[PDB]
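Taken in order, these protein sequences are the chains called A, H and L.
Count the first sequence with PDB author numbering and you get residues 6 to 22, 43 to 77, 88 to 111, in order.
Count the second sequence with PDB author numbering and you get residues 1 to 224, in order.
Count the third sequence with PDB author numbering and you get residues 1 to 213, in order.
Every residue gets a Cβ at the ideal spot worked out from N, C-alpha and C, and that includes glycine.
Notes to accompany the following structure.
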Amino acid sequence: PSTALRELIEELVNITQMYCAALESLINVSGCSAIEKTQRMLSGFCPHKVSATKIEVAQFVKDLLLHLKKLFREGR
Amino acid sequence: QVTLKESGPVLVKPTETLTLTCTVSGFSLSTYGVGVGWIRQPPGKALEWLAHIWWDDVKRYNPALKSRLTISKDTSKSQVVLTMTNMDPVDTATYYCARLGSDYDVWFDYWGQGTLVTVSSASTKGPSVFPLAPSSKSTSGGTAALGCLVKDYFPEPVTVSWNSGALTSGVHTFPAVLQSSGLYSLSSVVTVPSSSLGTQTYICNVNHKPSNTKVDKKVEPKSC
Amino acid sequence: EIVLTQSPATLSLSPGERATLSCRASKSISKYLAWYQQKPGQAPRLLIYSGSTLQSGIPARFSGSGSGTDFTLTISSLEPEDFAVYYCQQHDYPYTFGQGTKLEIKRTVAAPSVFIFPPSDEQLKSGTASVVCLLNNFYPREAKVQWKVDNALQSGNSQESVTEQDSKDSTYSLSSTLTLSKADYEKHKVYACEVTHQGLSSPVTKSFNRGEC
């Protein structure tokens, strides 16, 4: 059941070493190669299909990783 | 180092409430990633998870027991409290508090020493210590077994030592059994050479802390 | 709701041998299973997490494997200190534990020493009688202890308990306690304890006559 949430946390953990609003902000970067997998995993959590401070993506991922870890810990 | 200590052993009468405190050291209860859980183990049975709380107050509970369980944490006191209401005799178990080995995932890496909780209507009672007198005479030629029957006590445990700790070799202190009477019973035995039976003094030291009962029992060859 | 079945319930192996314990889920839980070791009177000890990741402090001879339903803890070459009870744990809520596999040391057959104890004169003054038959320092664990009161075979009115495998010689000791009322005890003469065990080349009876010591 919680396999999908588990795989995404692990991807975000790997590339640095609610679900709809994060994909909408992330599906703007195309010049970066590592985040491709992250974007593919997020669309499975967002029911409707998503198309097309000013801080970096490295900090947005850190924030998202925290929040996904808290969703897991709550079981949500 | 990381250490966890559970509060002293408690006797709980049925339908009443159990309060356990887990005193924590070597880590702060507000540090990112910290989680402390409660796991129980009925005597001679499997482990059962009860509840765990994270540093940010996020709590998970056993689905079958969710309605009876309440877990809380107090960072300054370095404690994690578990409350379990409407206790049943079937809840008689060793209760463990253990730190979680991950900052999101659940497995337990550091564990406390555990604490016995007995749920029962019976009242605390000290044991009767009867002798298991030597099965052979001093001039027999064999090794003779002798011991102490530690009968009818409540609750667990008794500690049995021989000759104030000076006799450790050959000693077999058995697991206690729960009798129909709802009281515990075990035998502690020791094997010695029969040639020593006319010379050596053999005393079994029984200690039943729950009832504040210390007993010294001298076991002697049965004079027929 | 997912169930963790551990197989077998008991395992007999000698030091040096390769050990294989099994844990099986009634539904897929991916690679997320943990393993614990437990010695008597001691807290569990984490060995492996996430299927196969070895815990710090745990010797390399330990390993796990499997994902989905079929999991395994393996021990490449056993050591005396490795014999204990082993539990598996589901990482996922509701964090189910297995029933536990007991790892026992296999050793050369050893017959018990049998001792019979009459009830004490002090106990009889309370109106209860406890006859204790002791089986001492033996292997394997499997033993039959039969009470005979005046050649009448006794069942259900006795209880057994067994010590943990001795740390040095790997033997068990068994106590069997027969319980009778004083009145019932005073009504009979021959109190015998018969023991059948692999190490004994035929059953061995220990007895006493009440009154005659």
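Query	Result
What in chain L is Cβ-close to A/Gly110, meaning under 9 Å?	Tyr93
What is the DSSP secondary structure of A/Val96, counted as helix, strand or coil?	helix
Name the chain H residues that come within less than 8 Å of A/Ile60, Cβ to Cβ?	By Cβ distance, chain H contributes nothing, its closest Cβ being about 21 Å from A/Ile60, past 8 Å.
Considering only the beta carbon of each residue, do L/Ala84 and L/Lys39 sit closer than 7 Å?	yes
Are there 16 or more other CB atoms within 10 angstroms of the CB of L/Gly98, so buried, or fewer, so exposed?	buried
At least one CB of chain H closer than 7 Å to the CB of A/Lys97: is that the case?	no
Between which residues of its own chain and H/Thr15 is the CB-CB distance below 6 Å, once the five residues before and five after are set aside?	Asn86
Using a Cβ-Cβ distance cut-off of 7 Å, determine whether H/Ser187 contacts chain L.	yes
Using 6 Å as the cut-off, classify the Cβ of H/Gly33 as near or not near the heavy atoms of the ligand SAM, replying yes or no.	Here there are no bound small molecules, and the ligand SAM is not part of this structure.
In whole angstroms, what separates the C-alpha of H/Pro193 from that of H/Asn207?	26 Å
Do you know whose CA, among H/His52, H/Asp109, H/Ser187 and H/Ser196, lies nearest H/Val150's CA?	H/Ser187
Report yes or no: is there a C-beta of chain H within less than 7 Å of the C-beta of A/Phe107?	yes
Any idea what DSSP makes of residue 225 of chain H, helix, strand or coil?	Outside the modelled stretch of chain H, which goes from 1 to 224, sits residue 225 of chain H, for which no answer is possible.
Check each residue of the stretch 162-176 of chain H: if its Cβ is closer than 7 Å to any Cβ of chain L, include it; give the result in chain order.	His172, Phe174 and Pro175
Which term fits L/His91, buried or exposed, when burial requires 16 or more other beta carbons within 10 angstroms of its beta carbon?	buried
Let me check understanding here. Comparing Cα to Cα, which of H/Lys218, H/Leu183 and H/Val190 lies closest to H/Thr124?	H/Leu183
DSSP beta-bridge partners for H/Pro193?	H/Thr143
Name the DSSP bridge partner or partners of L/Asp70?	L/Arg24
Counting Cβ pairs closer than 8 Å, one from the stretch 148-168 of chain H and one from the stretch 129-136 of chain H, do we hit at least three?	yes
Is it buried or exposed for L/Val149, if we count other Cβ within 10 angstroms and need 16 for buried?	buried
Taking all protein chains shown into account, decide if A/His73 is buried (16 or more other Cβ within 10 angstroms of its Cβ) or exposed.	exposed
Are H/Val158 and H/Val171 close, meaning C-beta to C-beta below 7 Å?	no
Which of the three DSSP states is assigned to L/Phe117 in this structure?	strand
Quick one, which residues of the stretch 29-48 of chain L are near chain A if we go by CB-CB under 7 Å, in chain order?	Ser30
Check whether the Cβ atoms of H/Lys77 and H/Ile53 lie closer than 7 Å to each other.	no
Taking 7 Å as the cut-off, decide whether the C-beta atoms of L/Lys182 and L/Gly127 are in contact.	yes
Going by the beta-carbon positions, is the gap between L/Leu134 and H/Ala144 smaller than 7 Å?	no
Using a Cβ-Cβ cut-off of 7 Å, state whether H/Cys224 counts as contacting chain L.	yes
Could you list which residues in chain H have their beta carbon closer than 8 Å to that of A/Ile14, in chain order?	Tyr104
Taking the alpha helix (DSSP H) that L/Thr163 belongs to, which residues open and close that run?	Careful: L/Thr163 lies outside any alpha helix (DSSP H) and carries neither H nor E.
If I'm right that L/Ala34 touches H/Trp107 with Cβ under 8 Å, what's the distance once you round it to whole angstroms?	4 Å
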